[PDB]
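A closer look at the structure
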Amino acid sequence: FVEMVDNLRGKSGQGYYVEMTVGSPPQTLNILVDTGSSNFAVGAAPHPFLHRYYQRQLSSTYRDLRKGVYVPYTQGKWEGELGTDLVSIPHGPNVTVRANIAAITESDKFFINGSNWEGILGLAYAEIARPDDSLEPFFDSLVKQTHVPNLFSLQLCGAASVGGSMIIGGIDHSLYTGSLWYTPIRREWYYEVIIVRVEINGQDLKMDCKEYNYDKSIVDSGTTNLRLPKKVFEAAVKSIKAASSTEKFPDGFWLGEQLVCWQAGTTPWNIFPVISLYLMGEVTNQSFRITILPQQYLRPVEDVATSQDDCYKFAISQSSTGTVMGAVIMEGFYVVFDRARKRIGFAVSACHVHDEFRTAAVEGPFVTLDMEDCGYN
Ligand SMILES: Fc1ccc(CC2CCNCC2)cc1
């Protein structure tokens, strides 16, 4: 697995990507790693923001599925032509798989200007694949066609360039300290999990835990933010704001409508509280908790042209699709997507940003009753 260490790159806020090759002879592409979706899709036309794109004409092994795909988010989208071809990961396992590939031929607010990636690898399950669950996800094909074990793990670091590791088929013990604690994957569609309790600085939000998961809680490497449902976010913010009364900031800041700034080397770590999410455990009435920091939910925006100060963005936000454990959470931890056992493991990351005031943690066991009631039907 040392071959795969440090095989992810990126820039702050623009996601983590891995090098992949498609077609024969191999075309090299940088591909976004995204556990919040399930299509393998790559740029296939010369959109001006793209360094590189898939040229199906150069590939002996390409096969057209003679079907299209239309994949919208909030305005919005990409649109493509389906096929299969041969696919490798240079700094991954030593195999080549025949995989479905959506050749992207039109898009809107998908590709990012200034970024170094040209596609997206959806690592979640067939249920959320487009246009339907019959389109076999890349990782399914990988596992089905080779002897790679059915799991992958992610260490997302981040510092400007970010870096990390996607270990495919296994676990690298150099990448974490202490023990892995596992929470069940509640359903194989997104990587759905259940939060059973939330503490800010070590204080419960006394909230019907069923809310914390309204209507979803998911682990998503493609999202920068820790994202909370309206009602939970409203209460979430209430306590973070009061935890941090020492100094004040605007209404918009908490709604991600304005960024906040301090001078270089003058930020208050400690005027902000820790977040602890207790996740459902492997055993009835047993949980564990993961604890992050404001360094994780306060992300230092590199270069605003309108300031030379140290400006950070509030990384927590609302949703109607639900909770989203994104880069804010995942950068604190080594995270193991144990598909074979339907569970996701969290351990303290060997690369997380710490000191000797406070530190990221994964602790258990705790006793939590009615953790099923936290799940939404
Ligand atoms: F710039 C973008 C836009 C949209 C996406 C797809 C999302 C899938 C769910 N996880 C977050 C990303 C990626 C990049």
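Residues numbered from 1 in each chain as written, not as in the entry; some residues may be left out. Heavy atoms only, no water.

As annotated in the PDB entry, the protein is Beta-secretase 1 from Homo sapiens. Under the heading Sequence similarities, UniProt records this for the protein: "Belongs to the peptidase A1 family." (UniProt positions renumbered as here; feature names shortened; annotations may be inferred.)

1. Section: the overall build of the protein
Scanning the protein from N- to C-terminus turns up 6 helices and 24 strands. On C-alpha atoms alone, the protein measures out to a radius of gyration of 21 Å, which is about the 21 Å that the 2.2 N^0.38 rule sets for 377 residues. Across the 377 residues that make up the protein, the buried fraction comes to 55%. A total of about 17,000 Å² of accessible surface is found on the protein, and carbon and sulfur atoms cover 49% of it. Positive and negative charge centroids in the protein, built from 32 and 42 side chains respectively, lie 4 Å apart. (Helix = DSSP H or I, 4+ residues; strand = E, 2+ residues; numbered from the N terminus. Rg over C-alpha atoms; globule rule 2.2 N^0.38 Å. Buried < 20%, exposed > 50% of the residue type's maximum accessible area, 1.4 Å probe, protein only. Areas by Shrake-Rupley, 256 points an atom, 1.4 Å probe, with all protein chains shown as cover. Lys, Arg positive; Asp, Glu negative; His and termini not counted. Charge placed at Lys NZ, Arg CZ, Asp CG, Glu CD.)

2. Brief notes about the site of the ligand
The ligand sits among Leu32, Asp34, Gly36, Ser37, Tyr73, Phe110, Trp117, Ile120, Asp220, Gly222 and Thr223. Between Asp34 and the ligand, the recorded distance is 2.8 Å, taken from a side-chain N or O atom to a nitrogen atom. Here the shell around the ligand is composed, by residue class, of 5 nonpolar, 4 polar and 2 charged. Built from parts of two domains, the shell around the ligand gets at least three residues from each of domain 1 (16-148) and domain 2 (149-377). (Near = heavy atom within 4 Å. Polar contact = N/O pair within 3.5 Å; in protein donor to acceptor, adjacent residues only side chain to side chain. Nonpolar A, V, L, I, M, F, W, Y, C, P; charged D, E, K, R; others polar. Domains from an automatic or database assignment.)

3. Brief notes about the domain arrangement of the protein
When its domains are assigned, the protein resolves into domain 1 (16-148) and domain 2 (149-377). Here the C-alpha centre of domain 2 lies 28 Å away from the C-alpha centre of domain 1. Contacts between domain 1 and domain 2 engage 20 residues on the former and 26 residues on the latter. Taken together, the two surfaces of domain 1 and domain 2 that pack against each other cover about 2,000 Å², and 63% of this comes from carbon and sulfur. A per-residue breakdown of the area domain 1 buries against domain 2 is headed by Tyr16, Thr35 and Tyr125, which together make up 41% of the total. At the junction of domain 1 with domain 2, the criterion picks out 2 salt bridges. Across the domain 1-domain 2 interface, the total number found is 11 residue pairs in polar contact. (Contact = heavy atoms within 4.5 Å. Buried area = accessible area lost by both parts, 1.4 Å probe. Salt bridge = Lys/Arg side-chain N within 4 Å of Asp/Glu carboxyl O.)

4. Side note on helix α1 (residues 138-145)
Taken as a whole, α1 has its buried residues at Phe138, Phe139, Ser141 and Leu142. Along α1, the residues classed as buried sweep out an arc of 160° about the axis, all on the same side. (Arc of directions from axis to C-beta.)

5. Some remarks on the sheet that holds strand β17 (residues 286-291)
Two pairing modes exist for strands in a sheet, parallel and antiparallel, and in both the strands are linked by backbone hydrogen bonds. The strand order across the open sheet built from 4 strands is β12-β16-β17-β24, with neighbouring strands paired in antiparallel fashion. Among the strands making up the open sheet, the edge pair consists of β12 (195-200) and β24 (361-367). The average undirected angle you get between the axes of adjacent strands in this sheet is 25°. Direction of pairing for β12 relative to strand β16 (residues 275-280): antiparallel, over a ladder of 5 bridges. Counted as the bridge partner of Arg197 is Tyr278 from β16. (Pairing = 2+ DSSP bridges. Axes fitted to C-alpha atoms, helices over the stretch in contact; angles between N-to-C directions.)

6. Considerations on the state of the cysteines
Between two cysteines, a covalent bond joining their sulfur atoms is known as a disulfide. All told, the structure shown has 3 disulfides when counted by the stated rule. Paired by a disulfide, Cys209 and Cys374 hold their sulfur atoms 2.0 Å apart. On the S-S bond that ties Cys209 to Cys374, the torsion sits near -95°, and the link is left-handed. Taken together, the positions of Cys209 in helix α2 (residues 209-212) and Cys374 in the segment after β24 put the pair 165 residues apart, joining distant regions of the chain. No difference in accessibility class separates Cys209 from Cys374, as the two residues are buried. (Disulfide = S-S within 2.5 Å.)

7. Regarding the UniProt feature "disulfide bond" in the protein
The sulfur-sulfur separation between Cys157 and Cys351, a disulfide according to UniProt, is 2.1 Å, below the 2.5 Å limit, so the bridge is formed here. Assessed through its relative accessible area of 25%, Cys351 is described here as partly exposed. Here the UniProt disulfide linking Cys261 with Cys311 is intact, its two sulfur atoms sitting 2.0 Å from each other. Of this pair, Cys261 sits in strand β15 (residues 260-262) while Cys311 sits in strand β19 (residues 310-314), and the two are 50 residues apart along the sequence.

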